[PDB]
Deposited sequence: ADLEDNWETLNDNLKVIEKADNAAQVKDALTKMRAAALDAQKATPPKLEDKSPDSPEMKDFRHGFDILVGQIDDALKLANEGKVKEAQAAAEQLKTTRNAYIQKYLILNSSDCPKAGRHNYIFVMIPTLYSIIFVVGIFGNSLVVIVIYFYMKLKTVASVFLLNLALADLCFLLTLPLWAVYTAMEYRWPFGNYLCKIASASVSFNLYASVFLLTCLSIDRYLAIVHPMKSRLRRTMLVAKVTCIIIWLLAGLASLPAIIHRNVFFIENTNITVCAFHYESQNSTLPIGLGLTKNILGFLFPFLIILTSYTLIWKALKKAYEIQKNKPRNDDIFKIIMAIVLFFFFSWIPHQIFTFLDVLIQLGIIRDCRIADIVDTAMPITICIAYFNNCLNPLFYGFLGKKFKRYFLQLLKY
């Protein structure tokens, strides 16, 4: 970690600034020397897709070579006995330190700064996120118990309904991180590792859900419209493998968040770094993660609802999770496209930019509100579940 070695340099400089003898300066500069050596092996936050041979990365590596040199002169002075002089040469780290934050950490976008930074958002969103997390954690963990004991994982539908609980449960585990981020007025105090994992976990939830909701739709279509000899041993085998592949595809689809997300200054923010290219990539996610599956899902359900309006309790559950999921993503879908128009230069108006940046935290809340609401859609099984509960004990 570059951020870790960067803290190793700043804290060891404070040791040198208060050091009395040369032995205190020697041991501090030795730790700093090894720190800048493996930090040279690393890649800065703004050069995520730059070959370790490009003039950009070479300028990064050369930067720490000068830093090693400044430390090497200070070590030479400490070995001679000069403490007051070794401390002066160590203070040259602050130049390289301020040169690194201005080159790779300051991401000044300006144009419409402090947009969507209203007093009610920093209070409304963390209070709403507290509820989604707490309600959803107890909700989905009860769903996992119900699937293992009431459903006993005997159907194909049961397997996908369990995986959706785990996927929803995973996203929920990262929710208090995004709650305090908003409460601290978009200040990220968890570093670079959690900025990447917490952003990839939000991305992963969308893809895995969309993939599971497609699988459950096809399952409902084939169960109701085209029934065939149920070879459970083979159907359970294919359903178990399909879910592994889903977690793999959603993992691979959320890889950009692990690559281009970093912590940057303006107050630190956990944001995506843009290299023309996002236009031809933002069009690829819509035609795969919303237009293509919702097309497959609707075709399955238009055929199944028609053949059932005159397994069904499960269909009600799968239909309610599918209908709510897509009607909650529409607000965010409109404003995400509108945010793209701000980032390009089509709509260059801070009055409009504010309306979009004040609504996006509210729209991303509703588009992820299903993780706490999905367990509540199991109420269709309530009359049959109380029948099992009483018969048990």
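- The deposited chain is incompletely modelled, with C-alpha atoms absent over 1, 268-271, 281-284, 320-329, 413-414.
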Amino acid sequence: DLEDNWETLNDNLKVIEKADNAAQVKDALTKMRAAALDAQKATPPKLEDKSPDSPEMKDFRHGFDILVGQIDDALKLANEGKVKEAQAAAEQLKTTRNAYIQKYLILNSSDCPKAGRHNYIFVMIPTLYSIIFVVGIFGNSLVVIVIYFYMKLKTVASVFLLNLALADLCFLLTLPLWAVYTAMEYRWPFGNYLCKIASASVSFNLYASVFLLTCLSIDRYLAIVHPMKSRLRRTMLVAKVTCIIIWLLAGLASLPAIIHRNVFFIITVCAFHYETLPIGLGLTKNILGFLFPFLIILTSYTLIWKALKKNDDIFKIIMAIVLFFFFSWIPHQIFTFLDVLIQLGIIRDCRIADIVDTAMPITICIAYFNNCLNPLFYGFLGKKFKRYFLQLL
From here on, numbers count along this sequence of modelled residues.
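- Higher mean CA B-factor, judged across 208-216 and 70-78 from the recorded values: 70-78.
- Two stretches are in play, 375-383 and 15-23, and the higher mean C-alpha B-factor belongs to 15-23.
- For the set 311, 199, 87, 155, the PDB entry puts the maximum C-alpha B factor at 87.
- Comparing C-alpha B-factors across 170, 224, 283, 132 in the deposited entry, the largest value falls on 283.
- Placement of the Cα temperature factor of residue 343 within the chain: highest third of the modelled residues, per the deposited record.
- Split the chain's modelled residues into thirds by C-alpha temperature factor. Residue 333 is in the middle one.
- Sorting the modelled residues of the chain by their CA temperature factor places residue 151 in the middle third.
- Ranked within its chain, residue 203 lands in the lowest third, by CA B factor from the PDB record.
- Residue-level temperature factors show residue 136 in the lowest third of its chain, judged at the C-alpha atom.
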